[PDB]
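Single chain ahead, written as structure tokens, the form deposited in one PDB entry.
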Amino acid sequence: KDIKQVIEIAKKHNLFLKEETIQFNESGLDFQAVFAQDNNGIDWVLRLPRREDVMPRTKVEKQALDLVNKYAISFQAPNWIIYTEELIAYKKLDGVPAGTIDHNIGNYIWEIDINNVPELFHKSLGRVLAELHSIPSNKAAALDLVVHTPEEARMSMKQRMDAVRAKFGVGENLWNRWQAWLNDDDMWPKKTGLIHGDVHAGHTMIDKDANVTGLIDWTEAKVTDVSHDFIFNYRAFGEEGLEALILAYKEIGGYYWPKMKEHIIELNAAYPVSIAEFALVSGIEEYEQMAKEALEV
């Protein structure tokens, strides 16, 4: 039934699949992901829409993907060869995700040892992020991404914090920590860049040597503080993993400043802002309680 639907929607877009290879991913509030080979044996990823207004809701994301596909050489991103209101499809990237969330345990199934991360993982991620963050988004004729100057990125965080406080409240010590960070001029970066915005193991494609070769799921891409793309490395691999990533990024020519590590640690402490915003917009009860606990109220 579902399989038959996939074949027909693909046919309508001139995509012809080996039926025996069709596999459905879990879930889908926005899109159902489906994996399948075409008749030449090439692996594809299909996204079946579950909501209206597909094109307007993907416009910005496609702009980001277009930038990456135009400028990047050391990593892949989805290239939506089929892009319509009825189907988005791209050839599957090389490699495997460094970890994939399994919801029946509430954590990743990892492809690397988090207690002994290969050095090449941090080195290659630093290369990839440095390349990404230096893409010249200004050379596009139209850009509807959110774009922040360094000053605007700081003001954005300040305003987002106030809005969360107004809605949920924030614990007193946590709020004071946030304000001390906002107020420390020396902490803040003097350059912004095109970011992925949701870098974590499930979106990070690696080869057999744990060299990063691609990134998927670009819905959170924008031009802002680059520091967001370092957060997961810290959260998963601790200060050592954060330092290793910063070192690689610096040494290949990424923008570095003396308080970069400290700033990223403070941004991590501001993660409750993000979970609170997601709880609000999504309406999902589980994230509402997670938000309240994270905000220390």
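Don't overthink the numbering: it's just position in the shown sequence, from 1. Under this definition, the rigid core comprises the largest set of C-alpha atoms superposing within 1.5 Å between the forms.
Only in words, not in the display: the form deposited in another entry, which the text now covers.
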**Prompt:** If you fit the two forms on their rigid core, which residue out of 223, 210, 87, 93 shows a CA shift of at least 2 Å between the shown form and the other one?
**Reply:** 87
**Request:** Once the core is aligned, please say if the CA of residue 268 is shifted by at least 2 angstroms between the shown form and the other one.
**Result:** no
**Request:** Compare the position of the CA of residue 28 between the shown form and the other one after a rigid core fit and state whether the shift reaches 2 Å.
**Result:** yes
**Asked** Comparing between the shown form and the other one on the rigid core: C-alpha of residue 142 shifted by 2 Å or more?
**Response** yes
**Request:** Over in the other structure, so in the other form, do residue 39 and residue 207 pull closer or drift farther apart at the C-alpha level? The difference is 3 angstroms or more.
**Result:** farther
